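Presented below is the structure to which this report refers.
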Protein chains: 2
Amino acid sequence: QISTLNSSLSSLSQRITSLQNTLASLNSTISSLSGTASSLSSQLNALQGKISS
Amino acid sequence: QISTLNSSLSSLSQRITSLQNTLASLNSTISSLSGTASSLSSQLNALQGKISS
């Protein structure tokens, strides 16, 4: 049974660790997206000023 | 006490399968977000072309 526990913990940990890795890439992707929207917003408002003129 | 550790590992194993599922859903959501960013760029560049005529 001690062996059985070690084997279960290694699988459980390896799952957590891949999930850490994956989350960090998705965190990055959220900073990038917000950034896309933020550039698109500036460009919208500039265009809005152009149509007004 | 090991029995009690098994009981914690069973719970942890259900929770981590569920955590995977929630992270997988969210990654579809991130993909979705990237699509909505792309559509909005498409609509703007069309809107600028019209702006030049």
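A few comments on the model shown:
- Principal-axis tilt of helix A:2-52 within chain A, Cα atoms, nearest 10 degrees: 0 degrees
- Area projected by the alpha carbon convex hull of the protein assembly as shown, averaged over all directions, nm²: 8.5 nm²
- Estimated from helices alone, the mean residue ellipticity of chain A at 222 nm is -36000 deg cm²/dmol (sum of -39500 (n - 2.57) over DSSP H runs with n ≥ 4, per residue).
- The peptide list A:33-41, A:1-9, put in order of mean Cβ contacts within 10 Å with the highest first, becomes A:33-41, A:1-9.
- Whole-number D in µm²/s for chain A (Stokes-Einstein; Kirkwood sum over Cα pairs; 25 °C, 0.890 mPa s): 166 µm²/s
- Placing a label point 7 Å from Cα along the Cα-to-Cβ axis, B:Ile51 is separated from the same position in the other copies by 1.0 nm, shortest listed first.
- A full extension of the chain between B:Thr4 and B:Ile16 corresponds to an added length of 2.5 nm, given 0.36 nm per residue minus the alpha carbon distance.
Quick reminder, even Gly has a Cβ in these numbers, built from the backbone with ideal geometry, and neighbours come from all protein chains shown. Throughout, read-outs are computed from the coordinates displayed, never taken from laboratory work.
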